[PDB]
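Using only what follows, build the 3D model:
(6 chains, ligands or ions: 10)
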Amino acid sequence: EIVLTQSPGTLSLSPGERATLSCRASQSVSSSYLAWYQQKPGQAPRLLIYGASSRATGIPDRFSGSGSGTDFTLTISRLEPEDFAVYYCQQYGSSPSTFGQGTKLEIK
Amino acid sequence: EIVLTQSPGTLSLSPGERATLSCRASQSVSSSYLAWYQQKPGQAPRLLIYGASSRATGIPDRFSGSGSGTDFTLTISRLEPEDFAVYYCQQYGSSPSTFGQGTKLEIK
Amino acid sequence: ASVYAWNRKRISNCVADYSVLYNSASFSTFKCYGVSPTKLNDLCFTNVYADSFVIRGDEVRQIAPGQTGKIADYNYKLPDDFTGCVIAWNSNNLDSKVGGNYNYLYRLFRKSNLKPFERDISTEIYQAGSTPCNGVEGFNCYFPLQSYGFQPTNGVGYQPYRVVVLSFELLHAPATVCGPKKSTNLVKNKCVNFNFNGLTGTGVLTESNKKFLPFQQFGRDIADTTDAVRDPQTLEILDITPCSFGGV
Amino acid sequence: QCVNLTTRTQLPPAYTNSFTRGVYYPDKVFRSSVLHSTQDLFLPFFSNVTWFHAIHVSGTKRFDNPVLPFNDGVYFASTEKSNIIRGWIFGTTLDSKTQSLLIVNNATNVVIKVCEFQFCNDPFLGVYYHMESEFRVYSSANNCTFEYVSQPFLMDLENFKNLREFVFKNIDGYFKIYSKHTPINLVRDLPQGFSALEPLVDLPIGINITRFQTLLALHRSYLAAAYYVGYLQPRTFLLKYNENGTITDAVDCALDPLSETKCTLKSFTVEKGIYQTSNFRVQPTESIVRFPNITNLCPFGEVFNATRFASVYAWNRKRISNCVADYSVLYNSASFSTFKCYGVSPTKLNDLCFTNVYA
Amino acid sequence: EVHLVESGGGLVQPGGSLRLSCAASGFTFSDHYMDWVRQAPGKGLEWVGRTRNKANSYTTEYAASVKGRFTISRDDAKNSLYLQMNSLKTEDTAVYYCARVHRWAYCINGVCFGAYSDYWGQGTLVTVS
Amino acid sequence: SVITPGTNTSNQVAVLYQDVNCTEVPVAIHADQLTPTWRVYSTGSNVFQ
Ligand SMILES: *[C@@H]1O[C@H](CO)[C@@H](O[C@@H]2O[C@H](CO)[C@@H](O[C@@H]3O[C@H](CO)[C@@H](O)[C@H](O)[C@@H]3O)[C@H](O)[C@H]2NC(C)=O)[C@H](O)[C@H]1NC(C)=O
Ligand SMILES: *[C@@H]1O[C@H](CO)[C@@H](O[C@@H]2O[C@H](CO)[C@@H](O)[C@H](O)[C@H]2NC(C)=O)[C@H](O)[C@H]1NC(C)=O
Ligand SMILES: *[C@@H]1O[C@H](CO)[C@@H](O[C@@H]2O[C@H](CO)[C@@H](O)[C@H](O)[C@H]2NC(C)=O)[C@H](O)[C@H]1NC(C)=O
Ligand SMILES: *[C@@H]1O[C@H](CO)[C@@H](O)[C@H](O)[C@H]1NC(C)=O
Ligand SMILES: *[C@@H]1O[C@H](CO)[C@@H](O)[C@H](O)[C@H]1NC(C)=O
Ligand SMILES: *[C@@H]1O[C@H](CO)[C@@H](O)[C@H](O)[C@H]1NC(C)=O
Ligand SMILES: *[C@@H]1O[C@H](CO)[C@@H](O)[C@H](O)[C@H]1NC(C)=O
Ligand SMILES: *[C@@H]1O[C@H](CO)[C@@H](O)[C@H](O)[C@H]1NC(C)=O
Ligand SMILES: *[C@@H]1O[C@H](CO)[C@@H](O)[C@H](O)[C@H]1NC(C)=O
Ligand SMILES: *[C@@H]1O[C@H](CO)[C@@H](O)[C@H](O)[C@H]1NC(C)=O
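Residues are numbered from 1 along each chain as shown, chains lettered A, B, ... in the order given. Ligands and ions are numbered 1, 2, ... in the order given. This is the structure:
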């Protein structure tokens, strides 16, 4: 099974500046099949990035993810007060799909 | 003369969901030269789609039209309360230009 | 169908008119081998097969005789003595849906190259390393098929390119399918420009007493000129002699 | 549904002589009163072909039908009187891993299927008289990509046997079958004579064929004939077309010096005197390759993934030596939009060795 | 647009049985593949099961920890998605999301190409004690 | 080189291998790779140098 490790687990930044998010895999996933999700506490997660570099529909250029192999990086810029959520990585290239433990992002 | 028949006549939907709009021509218009317009009650119509697939300037990706031959379809995504208008289709490839009877759209 | 399992379709008993094809689409690549595109009308074809698949924009060059590549080695190979035309055009509109379309595959790994006109639909695991994985994916072993993942926002090199490859043989068998040229009357025992099933020449034809096998339409006594032809409309056999002869 | 048969531990088959058989039409073009020299895959004249009984009693009659190789063409000859041979299977492993080709001839038509059959160890097409045929050749058929039906290749025989000859070729993804139907009388082995094999069908199967077997229909409490098999080889044949357009005489240029002289003179009758003959007697069968003791791979990946190349006005030249120029690993790294070679072919780029290489 | 509305939640004793349903509207519910993903309270998301369409004849795959104890099914006529709750332990308490896989994913043999989740439902908090 | 009478007369022929030695005829013509019909003319009782 592919084990996804997200680091660091706790993020608390003010609006406006730069924060980075990382998901590390135990083994090399097939063809960069990684996803990116955000979960505001009262509602289910929504798709952000598919294929670890492509944006979903309705998603603006602000939501940026990157990486290949075993190291991947999700980068959020220009944070807005509505951005508070927990962020997850899901692998789907190799069955079964597995989620990470998540990173909690708080807006000051 | 090219006769444009729009169906259905009246649309009454809430914000958020999907509504479809159809303009049907009596004969095959030349090279898909169909236009799409919105006339809010007290202000003049503005261009939305030219060539039945291309977006006008200032028009977002929300306004989505498609079709070829005699069957054409305009699809709205994420209706917002300000989207209340009557929609019109116009043929301009073959003279004379002719408008349809219009479709009534109201936001709940 | 995907390029690893290309679909082969037999076309026969119709009129191969490509004049209707300009309005349908414009072909980015249309290059013929062993036949000229300008002379594609005044010929008749014995057996026609259509090979169809979907590839990318940076991959159309590999569909050619005497060409290398991962598709040329592992997916689809053309023979060196290939007589046919390769038709290709951009299809970013229909095939590439929003969010990506992953219904088209290509064989990334295989043990060796392919002989021409050979497909491989086996999905067994490629043993890249020395250790045998024996039915599981991991290190030193991979699934041979990989997904293209066409997205409308990709560049031209990654845009979908629908390819139809026509394979046909010239003037060795009865011709079921050919082009738009209208047949005319037959003038026997006269020097006239003739066109029998795509065979063009200048000469005078007489009636012949030869007998043709059902799989034979063109005959040669001395293999440098066609002595006799079977007329496509009337099944009589007419032997063609040179127009000017007698040696004055 | 398949059930095993207790094998006879592969009793060694005898060999028989093929007195100039297996000549087929190389082209579909009418030729009359001409001597045409063709170089195709022909059965060698006076060659050794191994022969198996369709039913052999050795002990309780227990027959044999071993899986035989398909080495650049197989000449299949049969001398039967009760339609005991119904068809053949073709494939590499004859399992569900790889695609396989199936031919079954029942009383009405031909069944040609290219599927992923799971053939059992002992195929059969059992038939009880009532005649009703039960299929026992494939357990399951999946991923079927071809289908073809026509008039039966083998005709019904329900006294004297009728000689049936079949030549199978798999070139350029096309399966070519040549056949000729000639009755036989009081000859156990292959008769001496000439029979030109007319073309039958050209199947665009597009698969890989390495092994083949013979499908024997049997009515017996499993719970007379014999078939002749031979392998084609690359040979040069001098074919003589008659005035009616049929091949009535042929010469193998590798058989004897008289045939070598006939092939060099392009005539079936030679005159008295001396003649110098060009080579037609020897053909290579094995191939050897000798490359230097080089183990490490080239840094093509290291060059190609470089974060910064030099500008075009000052281009970087790098000497590559003492490694292995394998570009097969470069497929996964990137797709080259332009890749054309000058003075060398890309297909022949593998089987060459380079003196000095600069990038 | 797309609406996955769920039902059947509640409080149940361990070792009991229970039935879930997800109703769907506004999209071709027959075409898409589908997933179950669960979220334990205060813990991360966990995938449960995946189901297929008519092209694979409702082929079902499960996680290692839920094999043999759960049964997923679907009927596209009334657009109802089902999961069957059996042999419950205390680790089964979570909120259950039935999410929508992208339509254009393809599955060949075992490997799956592009099968990502696209839309999610609100879910119900099932409690076992 | 093949010395022969006419085909109308007979079909039995004889061969001369130019500028070789009779002990080196099988080595020169590679009689192991040839057909057994060609091995009759490789060596035998009728050897003339
Ligand atoms: C092409 O051939 C492959 C096999 O190489 C076919 O895959 C197989 O599909 C069948 C039918 O779905 C599977 O059988 C099923 O097995 C499961 C248990 O594993 C059983 O619960 C079902 O009732 C059914 O019997 C078979 O396992 C599967 N083999 C695999 C996974 O490789 C494939 O369907 C063929 N494709 C076509 C076009 O028919
Ligand atoms: C056709 O099938 C044969 C049998 O599978 C293939 O030959 C094998 O090729 C592999 C890879 O080179 C070797 O490791 C095996 O030893 C070969 N076996 C035999 C019997 O030679 C052959 O490569 C296939 N042909 C094509 C065009 O793929
Ligand atoms: C011989 O085999 C062929 C193919 O298996 C049979 O042809 C089919 O038979 C079925 C009945 O079992 C019909 O439903 C199909 O329409 C037939 N297809 C064609 C193309 O004819 C044929 O019936 C078999 N003959 C005998 C005597 O068993
Ligand atoms: C071909 O069609 C023409 C026009 O109908 C007819 O006169 C001629 O007899 C036909 N030839 C055949 C049927 O061989
Ligand atoms: C038939 O042979 C196969 C292959 O060895 C074997 O697995 C099977 O058990 C045998 N069945 C019987 C009934 O002998
Ligand atoms: C066939 O085999 C026999 C026995 O080995 C041999 O004498 C004969 O020359 C062979 N014929 C060939 C190879 O044509
Ligand atoms: C050729 O055909 C004629 C028909 O008149 C026949 O008499 C003759 O025997 C045939 N010759 C051969 C060699 O078949
Ligand atoms: C490039 O590939 C080489 C292997 O050929 C590897 O050692 C190196 O780390 C790679 N560099 C980058 C930037 O990927
Ligand atoms: C040899 O030639 C004569 C005429 O010159 C002819 O009668 C005879 O049949 C010929 N024999 C052979 C075997 O060709
Ligand atoms: C051929 O070999 C024999 C072997 O002793 C030798 O005596 C003779 O001189 C050789 N002939 C030539 C021409 O070398």
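
So which residues of chain F form strands?
F:2-4, F:14-15 (DSSP state E).

Number of residues surrounding the residue in chain A that chain F sits nearest to?
Minimum separation of chain A from chain F (CB to the nearest CB) falls at residue A:30, amounting to 51.3 Å. Heads up, the C-betas are built off the backbone N, CA and C, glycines and all. Residues lying near residue A:30 (other CB atoms under 10 Å in any protein chain shown) number 19.

got the contact list for the residue nearest to it when sequence neighbours are not counted?
Using CB to CB, 6 or more residues apart in numbering or on different chains and skipping residues adjacent in sequence, the residue nearest residue A:30 is residue A:93, 3.5 Å away. Under the criterion of CB atoms under 8 Å, 6 or more residues apart in numbering or on different chains, the contact list for residue A:93 reads A:29-33, E:111-112.

So what does residue C:73 have for phi and psi?
Backbone torsions for residue C:73, taken as degrees, to the nearest 10, come to phi -80, psi -50.

show me what contacts the residue sitting nearest the centre point of chain F?
Central residue of chain F (CA atoms, centre = their mean): residue F:41, 3.3 Å from the mean position. Each residue near residue F:41 by CB under 8 Å, 6+ apart is listed here: D:256-257, F:14-15.

and if you look at residue D:316?
Per CB under 8 Å, 6+ apart, neighbours of residue D:316: D:309-310.

Which residue is the nearest non-sequential neighbour of residue 32?
I went with chain A, as the question did not name one. Spatial nearest neighbour of residue A:32, excluding adjacent residues (CB to CB, 6+ apart): residue A:52 at 4.7 Å.

my bad, the chain I had in mind was chain F
Sequence neighbours aside, residue F:26 is the residue nearest to residue F:32 in space, at 7.6 Å (criterion: CB to CB, 6+ apart).

Just the closest residue of the stretch 251-359 of chain D to chain A, please.
Counting by CB to the nearest CB, the stretch 251-359 of chain D gets nearest chain A through residue D:332, at 10.4 Å.

How about the secondary structure of that residue?
Of the three states, residue D:332 takes helix under DSSP: H, G, I helix; E, B strand; the rest coil.

Name the helix or strand for residue C:168, please.
Applying DSSP states H and E as the criterion places residue C:168 in strand C:161-170.

Please state the offset of that strand from the chain centre?
The chain centre lies 3 Å from the centre of strand C:161-170; the measure is CA atoms, centre = their mean, to the nearest Å.

Now that strand: buried residues?
C:161-169 (16 or more other CB atoms under 10 Å in any protein chain shown).

Closest to ligand 3 out of the residues you listed?
residue C:167 (26.5 Å; CB to the nearest ligand atom).

pretty sure that closest one is touching residue C:85, no?
No: using CB atoms under 8 Å, residue C:167 makes no contact with residue C:85, being 9.1 Å away.

Contact residues of the stretch 1-150 of chain D facing ligand 6?
D:15, D:46-48 (CB under 6 Å from any ligand atom).

Ligand 8: which of these is nearest?
The closest of these, once distances to ligand 8 are taken by CB to the nearest ligand atom, is residue D:47, at 52.8 Å.

So which of the contacts of residue F:41 wins on neighbours?
residue D:256 (24 neighbours).

Just the closest residue of chain F to ligand 2, please.
Relative to ligand 2, the nearest point of chain F is residue F:33 (22.5 Å; CB to the nearest ligand atom).

Can you tell me the closest non-neighbouring residue to that residue?
Nearest one to residue F:33, counting by CB to CB, 6+ apart, is residue D:282 at 5.6 Å.

tell me which element the one you found falls in.
Under the criterion DSSP H and E, no helix or strand holds residue D:282.

Doesn't residue A:82 lie inside a strand?
No: counting by three-state DSSP, residue A:82 is not found in a strand; it is helix.

Now do the contacts for it.
Neighbouring residues of residue A:82 by CB under 8 Å, 6+ apart: there are none.

how much space between it and ligand 2?
Using CB to the nearest ligand atom, to the nearest Å, we find residue A:82 at a distance of 58 Å from ligand 2.

got it, and residue A:4?
Taken as CB to the nearest ligand atom, the span from residue A:4 to ligand 2 is 37 Å.

so what's that residue closest to, chain neighbours aside?
Going by CB to CB, 6+ apart, residue A:4 has residue A:100 as its nearest residue, at 3.8 Å.

Is the one you found in contact with residue A:6, as I believe?
Yes: using CB under 8 Å, residue A:100 makes contact with residue A:6 at a distance of 4.3 Å.

The residue of chain E found nearest ligand 8: what's it in contact with?
The minimum distance from chain E to ligand 8, using CB to the nearest ligand atom, falls at residue E:113 (24.9 Å). By CB under 8 Å, 6+ apart, the contact set of residue E:113 is C:102, C:105, C:146-147, C:149, E:105-107.

So which residue is dead centre in the chain?
No chain was given, so I picked chain A. Mean-position check on chain A, CA atoms, centre = their mean. Result residue A:36 at 3.9 Å.

that answer is for a different chain, and I need it for chain D
residue D:73 (2.5 Å).

I'd like to know how far that one sits from residue D:24.
10 Å (CB to CB, to the nearest Å).

In the contacts of residue F:41, find the pair that's most separated.
D:256 and F:14 (11.6 Å; CB to CB).

wait, what's in contact with the closest residue to residue D:188 other than its chain neighbours?
Closest residue to residue D:188 apart from its sequence neighbours, by CB to CB, 6+ apart: residue D:79 at 7.7 Å. Residues near residue D:79 by CB under 8 Å, 6+ apart: D:161, D:163-164, D:184, D:188, D:225-228.

still on that earlier bit, now the residue nearest to the centre of chain D: closest residue in space that isn't a chain neighbour?
Per CB to CB, 6+ apart, closest to residue D:73 is residue D:232, 3.2 Å.

If anything else comes up later, I'll come back, but that's it for now.
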